Every structure is written in structure tokens, then in C-alpha cells.
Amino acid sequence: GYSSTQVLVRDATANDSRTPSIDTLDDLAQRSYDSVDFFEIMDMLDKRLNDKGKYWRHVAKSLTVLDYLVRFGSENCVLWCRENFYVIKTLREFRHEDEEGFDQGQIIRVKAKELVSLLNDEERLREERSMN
């Protein structure tokens, strides 16, 4: 019941130890230029960026994807971040301490802050996107 693109975003953001690979990130960035794929990718990222707690890997990996898209995918990816800027900004405050006491949330907060900073700096983002 998944499109090819939906399988790819699901895998890229799964609750597992794998980090999204460069090949997958590039595939997603290239596919983001096709409108139908763009919406499928962003709808799944929306779901996963809004996860929490024990499922923080969904959030962290979706931020990894979203940053890659902002840098290398279609301009629509940037527009999406601006429309949904509130969600990204709240991730700066994401918390989760695991059973063994480790702060797993800090990685999400740092990533969110970096992305907020990039989105807030139009000239830097335009330059980054141009060289990419």
C-alpha cells in the first residue's frame, strides 16, 4: 500500500540504529522535485517529526532528512519548513532521557537549533543551496 517514495522515507526514518545513508538522502532530495513525491515525503516527515519519548529516533532521523532536503531538495522543502516553522522551533525543546539516564533529546534540540538558524538566514541558505 506504500508508493516507492513512501517506502524510502519510512526506511530512512525507521526506529533503528541505521543512520540515513547518503544514497537514500540523495534519492529523497531528487524525488522532492516531483510534486506527488514531495507531498508524500513531507506528510511522512510531518508524522515522524511529531513523535516523542522512546520513539525519538523517528524525530532525529526526520530532522536529518529535513535538513538534507532544505539544502539539496526542491525549494518547496524550504517553503514547507516555513509554513511548519512552529513545529521545528518546538523541537529545540524536545526532551527524552532513556532508562539508563542518557539524554537522547539533546541531539534533537541541537539539530533543530541548527536548522532554525539556517532557515532564519536567507542569504546563507540561498548560497548553500546554490553551491549544492
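Numbers for residues come from their place in the sequence shown, where the first is 1.
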{"item": "3-11 or 123-131, whichever carries the higher mean Cα B-factor", "value": "123-131"}
{"item": "42-50 versus 81-89 - which carries the larger mean C-alpha B factor in the record", "value": "81-89"}
{"item": "CA B-factor placement of residue 104, once the chain's modelled residues are sorted into thirds", "value": "highest"}
{"item": "Third assignment of residue 75 from its chain's C-alpha B-factors", "value": "middle"}
{"item": "For residue 22, the third of its chain into which the C-alpha B factor falls", "value": "highest"}
